[PDB]
Ligand SMILES: [Zn+2]
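Protein chains in written order, with this note's numbering: chain R, 16 to 1333; chain P, 1343 to 2058.
Structure follows, in C-alpha cells:
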C-alpha cells in the first residue's frame, strides 16, 4: 500500500536488502536536547530543576533567613515566529519563578520560621527553539552545533617517541572533571613520578599525597607490600612467599630444613617455585649481604633511647642491622621492590620531597597557586579543601563519575561529585601498574573516550554561571537582611542570566549563523559536530591524529562529510542512524542475532560496547530467515575485520545507508567512486542553490523523502483529509472527522512562506502543489518549499550530457552548455538584497528623510515618492537613490543602490524609534499592514465561523431538523431552532460560547496587534527610525559560473554556445551539456558514467511513455509497459502492481513520468551493471549506451561512438558577477594611503609579498617600484601621472616616495645621524 | 612608531593593496594565442578611466573631466572606440594568489571579450598550475612606458616559455590536446586509406576530410625536410616515408628546420616535450611559438574529430581476477592454519600473507595490462592480427594525458593494500575493484587513507609556504655583479650511481655551465674543449659521444666575486639561451625555484649486471685461505670499468667481502662476484702464523662458555 500523494509519482527503486528499519527523524537531536532542557520534570535529572536545586536552597551564613525555590514556569513568548523575524527581536519567552522566602527568629533554627512569603518573581527571559530545531536571536536564524569534546573522567596516555629523544616511553594520567580544575600526573625519564595542576609548575606527586594527611609510612604501606626478616638468633631469616621470586636471580643458596632448593647463582625457575610450594617452604635463612640492598619501610626506635634507629625509605647495611639488632627488634620489615615488577618510583619520589609535615605541603600548594604571596595556614587549608573537595570549584558529573568508576574496574556507577583520597590512590595504582605493564593507555580519538554535548548542556551551564552570580548578589543583599519589609524582588536582578544567555547565543564558536540556502544545507548544518569551542582544541594547534578518523567511528561519524582546506576532521558531521546515548555518548542501532536467526529487532550499542562484541557486515547474504547461508562471513570484532563462523555474532548492521551521513547518503553510485571526490562533492551539495523550477532528480537514493519531510521547508499535512481552498497565499484543510477531534474541532489553515530573504541573499519561497478538493494524507506535503518537488528534494537539474573533448573548450573542468539550456531559463536563480538605512540624531540637527535634496537631478527624484522613498516595483539600477537622507548643515547623504548591481524593489520595511512621528509613506505602510492584519483576522474568523455553523447544521440534521426555518433566518440564531432534550442542545450551546469566544478573542487580538503594529519597536539608542528595502535580482547564467553534479565533479562553465554548434544524435536531438572525459581517470570516480547510462535509460523509458501518451494508447498498453518497467529483474523492494491502480492514477502518474523515470538507489545496495544493462535492453538505447553523435560544425558522425546520457548538475553559489571585482581610483584607507580591499567596500586587489619576490625574480624594476609606490602615494608622482595619462603621455618621474622622508626625519628626531650619501 | 606591526617598516612596507587592479574566475578561449589574453569588457571600462579621459579630451568630446566621467559611466557609443585605441598596444599583468614560482605573474595582451569571465590561454594554465575549478586570478596594469617595456620584454609569454628551475618547456600541453596528437600518430592495421601512396600531406588532408580515407593508416607519402647541417643554411630534401595519415597531416604544422623522425613516433607527453625542446634548441623562439599555437589548434580540432569517449564497457576485468583472488584466499587460509598449527608466528604469518597478497595483485596487474594494451585483435585485410588497443582508457594512460599505471590498476583491478592511521599496512587488501562495487569496509579503510592524505596535503602546503619564506629571505641579497672572477678553481661533476642504475647523467648536470678546466679526452694530450667556455647542448653531446666521465666545471661557490657573483661562475641563465646577463640577481629565483615543489614533495650480496673490467677504490685486500679476494679496507668501492672505459656501475663494498675475482680483471655481465656476510664483524688476519694467547687471562678477563650443540667451546 502507498499514499495517494506518494502514488502521484512512484519512484522506481533498486535494492535487495529489505528495509528492516526506516530512516529515523533526522532532526531528532536538537529536539531531544531542548525538550529535555525545558520541561517541568520532577527530581531534576538534567533540567532547569537540576540547576535550581544545585543553587538552592540559599541563605546568608548563620543569617537565620533562607530563600528557597518553589517552581519555575514559562509563559508564551511575547511574539510568534513571523512577526519576530519582521521586527528583528529575539524569539523568547519570560521565566516566572515561584520562590518562597522564610525567616526564623533568633535561637530558633528548628523553630517555625517567624515569617513566610512566596511570589512568582521574574527571573530573565529565555529564547525558544523553532519547530525546525533552530532559534531566532535578532531577525536572524542560527544553529547551535554540538561539540565532540573529551568525556570527563580519567585517561592515560603514553607520549612516546620524540619525548626526551631517549626512546623511553613516558606514561601520563589526566583526570578531567566535567566542571573543575584539571589534574595531571606525570613520570619522568628518571622514573620519578610528578603531578601538576592546570599545567602549572611540576611538583613531586607524593607531596600532595602527604598533603592528603597520609604519613610516609602509610604511603609506603599503600604503595608496597611487606617483606619480613626475623632475628632467629643470627642471619635474619626471611619469610619467603614464592610469588616474590619470579624473574629473579638467587645471589645465595636458597635452602631450608637442610635441603637446598636453589643453588647460589641459580635463577628461580618455575620448577623451583613449584618445589618450594609443594614442600611448603616459607621461612628461609638469608645472608646479611642480601639484606644490605633492601630498603627499610618504617622507623624503628630503641627502648632505652627511643631515638630513630633508621628513617623510613632507607637502604640497609650491616651497621644499621647491628644498630637495630642491639635494640633486639626481631621484626625487620622492608618492601618488595623489583625492577621488573614494582619499580621503586615512590621511594625516590619521597626522597625528593622538600618537607614531611602536611602543613608544609599545604604551604607549597598555596605558594604554587598564586606565586609571590605569603603562605597562610588557614587560607591554604581552605584552598586545598575546596580545590578538589567542594562543589563550589570542583565536581564530577554522572558521566564523569560513571566513566571514572568504569575505568577503575569498579562496581558502582553513581558516586560523589568531588574526589576522595582512595580515588587518587587507586588512580596512582593503575598508573604504576601501566608503568609495570598491566593496563594500558586510553586511545583518545576513540569515541567512547570522547563525548558530544547538546544545546541544553551548555545553555544550562551558562544558566548555572548566572545563577551563582545572582546568588552572590542575593547573599550580599541578605547580609543586610531586614525584617520582612522587602519581598524577593529587591533580592533579585534580571540583567545577569538574560545577559549571559543572550551574549552566549550571540557571540560563540557554537552558535553559528545558519547556512540557509538549501534544505540539505540546513539539515546537514544542524546534523553537524565539531571539535572546536570552549574545551575544544584550537584549529591551528589541533593534532594531525584528531583530524584523522578512528575506526570506531563506523556508523557513528560519516568519514566522508567534513569541509576541506583550512581544517579537516574537526567538524565531522553526524551519521544518519546515530543517536545520542543517555550519557552524552553515541548509541548506534543494530539487529540482534540469536543462535542462528538474525533477530530483526533493533538493539542499541555504545562505542566501547561494540569492541567486546562481534557484528555481522551489512552486505550479508541471508535466505528468507536471516540465516547466513555462508558459514564463513566477514565480520568485525575489535577494530578489525575477518571471516568468522556462521554463529559467532549476536548483532548485525541495520542497513547499508548507516555507514554515511545525510550529506553523503544522497550520492548515487558512491561505491564505484573514490573517497576524495566523494567528500568534495558531498561538501558541494551543501552550497547548492535552487533554481526557478524543481527537476525531480532522476537518479534518486531514497533519502530525498526523509530529508524532505524532516526539513520543514514544505507545508506538511499534520492530518489527512481534503483541501477546500487552495491558493498561493494559504491553504484550507477540512480534516477528516475521525481524524478531527470532537471538541475544538474546527478546520486547519496552512500559511505558506512567501518570497522572503534567505541567509545567502538568495530567494526562498513556498508554492502550492495540490489542486482544490483533493484528498490529502497525514504527515505529508501540501506545498513544496525551495528545491523540493512533491515532497522530494530537487537540488539542481538533470540534463542531457556527453563526455568528449569539444574543441578544447573543456580543458580542465570548463563545462560546456548550449544556449538551449539558458533559453528556457531552467538554471535561473533569484537573489534578495536587504539594504538598510538609519536615522540617528547628530549635533546640528537630526537626520531627515525628506525627498528634498540639494543638487540632484529630477530623474533621480522622479522614481521617489512625496516623502523621499521609492515606490515598490521600481526597476532601479546601481547608483539611484532609494531613501532621501540629508545631514543638516544641509548636505546630501541619501542612500543609493550599490554600484554595478541592478534589481527591483520588492518591499520596504519601516520601523521607528518609539516617540517620533512618521512620514506619509511610513504612515501609509503602517495602515496597509494594519489592513492586512485586520483582513487576516476577519477572514480566519469568518471561515472558522462557517465551519462551526456547518457543524451546527450537521447537528441539526437531527434533533428538530428544520429546512425552511433554518435557511429563512440568517446565521445569527441557529440555536433557536427546535431540538429535543439532548446533549446536542448543550453541544450547540457549547458552540454558542465558542462563537462568543471567537468574537471576544477576535476583538482582543485585533486591539493587541493594532497596538503592536502602531507602537514603535525598540531600536538601538540614537536612531529615530530604520528603513530596510528588498531588491530582487534574477541572475540566470553566464561564462565563469560554477556548477557540478554528484561526484565532486567540479566545473566552471566555458562559454554558452549555439544549439547548432553542439553535436546531435541521428534523430537530431543535440546535447545540452558536454563535460571533459579526462576528469574520469585522474579524479578516480566512475559512478558518473554508470548513472549517466542509467539516466539515459530512464529518460528513454520516459520518452516511450510520453510518445505512447501523445498517441492514444489507452491505459492497457501503458499499464503493461509500466508493469514491465517496475519489476525489472532481480529481488527488489518495490513489489508494486498496477491491478490496484485506478486508471485515473495510471494516466496521472504517466503524465508525471512523461519527463523521465525517477530511480532510487541505496548507497551500496543499488543496482548492478547488468541490471543497468537490463534496463537499457528494456529501453531502445544501446546496451553499451555509447551512441553515435553528429557534429553541428562538420555535419558527420564522430568515429569511436561516444558515451552520452543524463546527469544531474547543480548550480553552485559562486556566481561570476559576485566574484568579479576591480577598482581604478577609489578611496584611501584612513591609517595609510593605500587602496582598501574587498567588495563590500570598493577596495583593490591585495599584492602579496610572494608576488613582490616574483617581481624581484623578473628583471622588471620600474614596475615593482611604481606598483608599490604610486599604485598603492607620492603627491607629485600621482598628480603628474594623472597629467601624463590625461595628456596621453605614459611616463613617470620616480623621484622618491615621501615615506622615506618620514622615516628619515623620525630617525633624525632620535639622536641618530643618518643621511644620504653621494 | 618604529617597532611592531604598526611600526612603519612592518606597517607600510609589506603586502599592500593596489588600485587599477581586478579579479575574477577564469576560462579558456582556446582560439586566443599565447601572446595574448582575454579580459571582460567591463573590467576594461573601469580599469582605464584616466586613459579614456585623456584620449577623450584629446578628441575633445567633453573638455571637462567631470563630463567625461559622466559620458563613460553612461557607457556612450564613442567610448568603445577609445577603449580599443588604448588597448591597441597596452599589455597587462595576470596573476594568481598562491604565487609560488615567478610565472604565476605574467604579461599578456588583452582582447576585449563579452561575458563576465577572463579567457586565459590553455597551456600557460599549466605554468599557473591553475585548474578551472573556479580559481580567481587577479589583474594589474603598468603605467609608465618603461614598465610597459619591462612587461612586454621580460614578463611576456613569448619571453617566458622555459622553466627557471631547468630548461624544459613549461608550455608542454597538459591533458586533452595530447590525446588528439596521440590519436594522430597511431596506426590501425586496416581501414580506409590503408595501402596506397600520396605525393604530399596536402592531398592527405584532402582525402581525410573527404572521409575517403581513415585518420591513420600505414601509407607511403612523399615528404620534404629542410636541414641546417650547413653553416646556418637550409638544405631541402624530399623522399617517400611510410606513415599514418594523421601523422602526415601533422607534418604540415612542423616548421622547416625540423626532421621527420621526431614526428614518426607515438608522441607521448615526454616525446612532445622533447619535440618542443628540439624546436627551441634549433629554430629559436618565434618558430616555437607559432608551432605551439598551431599544435594547440590542430590537436583540439582533431580531438573533437576523435570523439574520444569513456564508458563502463571500456573498462575490462580479466576473469583471472576471480581465479587469482581464489588462489590468494586459499593460500592465506593455508598460512593461517599453519600458524594455528604453530609452525609459524603471528608476525611471520601476517608478513607471508601480505607478501602473497601483493604477488597476487601483481599477477592481476599483469593480466589486466595484457588484456588492455593489445586487446584489438582483428583481420589484417587477411585472417587476424593483434595490435595496440584503441580502448579509450589505454589511449589515455599510454598517451600520458592523465593518471598512471596505478590509477588504471585501481580502476580495473584491485586497489592494492591500504595502510592504517598508524601507517602499518593492513593484512587484508582491497579485494574488490572500482568498476565493481566496494564493500562498506574497503571503502571505510580507503577513506581513512584518503583523509590522511588530505590532511597531510594541507599541512604540507603550510610547511612548504613557511620553508619557502625562509629560503627567499635568507637569499634576498645575492646578485650577479661581475662577468668573470678570473678563477681557475671549480667543482668536479660526474654521473651519479647510488649502488644501482645511474640516476642522473653527466649531460644534464653539466649543461649550460662554463668549464673551469679544459676537457682532456682519453686521446690524452687532447684539449677537447677550451678552459673557460660555456657548455651548451652541442658541446655536451660532443662530450657524451666522446665518453667524458668527469669534468671540472666552474661553480658559484668557487666564485671570487667581492660582494656578488661572477657570471662565468654561474653559467647559463635557464629560461634564456644566452649566458646570464650582468646585474640580473639570481638568489631570489634560485630560492623560489627550489621551493616551488615543496608542495609536491612528501611529508647482503650484489649481482653485477653489466660486463666490464674490475676497478677498485680505497683498495686494501688480500687473498683468503680459499683463494678468493677479501677486502681489508672498510671504505672500499667497486667500479665496473665498461668496455669504453667509463665507470658505468659503482657499488659500495663492505669489509671482508667475498670476491670471486680481483682488481684489473674482467667479469662477465651477470656474474656474482660481489657477495659477503653483512652480519658479524670479522677478525680476518693480515698474516699467517701460530696464534698464541698473548695477554689472555682466563676467568678474570674472558670466560669459557660451552656450546650445547657441538661441544667445541670458545673463549668469550
Ligand atoms: Zn667567481
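No residue lacks a Cβ here, since even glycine has one placed at the ideal position from N, Cα and C.
Could you name the residues that DSSP lists as bridge partners for residue i?
i: residue 844 (chain R); result: R:1050
i: residue 586 (chain R); result: Answer by DSSP bridge pairing: none, since residue 586 (chain R) is not bridged.
i: residue 1250 (chain R); result: R:1243
Under 8 Å Cβ-Cβ, which residues of chain P neighbour residue i?
i: residue 586 (chain R); result: Here the premise fails: no neighbours, minimum Cβ distance about 13 Å.
i: residue 1305 (chain R); result: 1485, 1486, 1487 and 1490
i: residue 1323 (chain R); result: Going along chain P, no residue has its Cβ under 8 Å from residue 1323 (chain R), so there is no contact; the nearest lies around 12 Å.
Give the secondary structure of residue i by DSSP, where H, G and I count as helix, E and B as strand, and everything else as coil.
i: residue 1654 (chain P); result: coil
i: residue 766 (chain R); result: strand
i: residue 1257 (chain R); result: coil
i: residue 534 (chain R); result: helix
i: residue 1137 (chain R); result: helix
i: residue 1224 (chain R); result: strand
Under 8 Å Cβ-Cβ, which residues of chain R neighbour residue i?
i: residue 1931 (chain P); result: 1272
i: residue 1452 (chain P); result: Those do not exist, as residue 1452 (chain P) stays about 13 Å from chain R at its closest Cβ, beyond 8 Å.
Below 8 Å CB to CB, which residues in the same chain sit around residue i once its five sequence neighbours on both sides are set aside?
i: residue 171 (chain R); result: 186, 187, 188, 189, 445, 446, 449, 454, 455, 456 and 457
i: residue 1255 (chain R); result: none
Listing by chain order, which chain R residues have their CB less than 9 Å from the CB of residue i?
i: residue 1750 (chain P); result: 1096
i: residue 1643 (chain P); result: 822 and 823
Can you list, in chain order, the residues of its chain whose CB lies under 7 Å from that of residue i, leaving out five sequence neighbours each side?
i: residue 1636 (chain P); result: 1595
i: residue 1160 (chain R); result: 22
i: residue 790 (chain R); result: 19 and 737
Identify the contact partners of residue i in chain R, using a Cβ-Cβ distance below 7 Å as the criterion.
i: residue 1780 (chain P); result: 686
i: residue 1441 (chain P); result: 1263, 1265, 1266 and 1269
List the residues of chain P whose Cβ lies closer than 7 Å to the Cβ of residue i, in chain order.
i: residue 1232 (chain R); result: 1458
i: residue 1302 (chain R); result: 1396
Can you find the residues in the same chain that come closer than 6 Å, C-beta to C-beta, to residue i, ignoring five residues on each side of it along the sequence?
i: residue 1915 (chain P); result: 1922
Quiz item: Is the stretch 997-1012 of chain R close to the stretch 970-980 of chain R, with three or more CB pairs under 8 Å?
Solution: yes
Exercise. May I ask you to verify whether the stretch 673-683 of chain R touches the stretch 699-716 of chain R, counting CB pairs closer than 8 Å and requiring at least 3?
Key: Cβ pair count under 8 Å is three or more, so yes.
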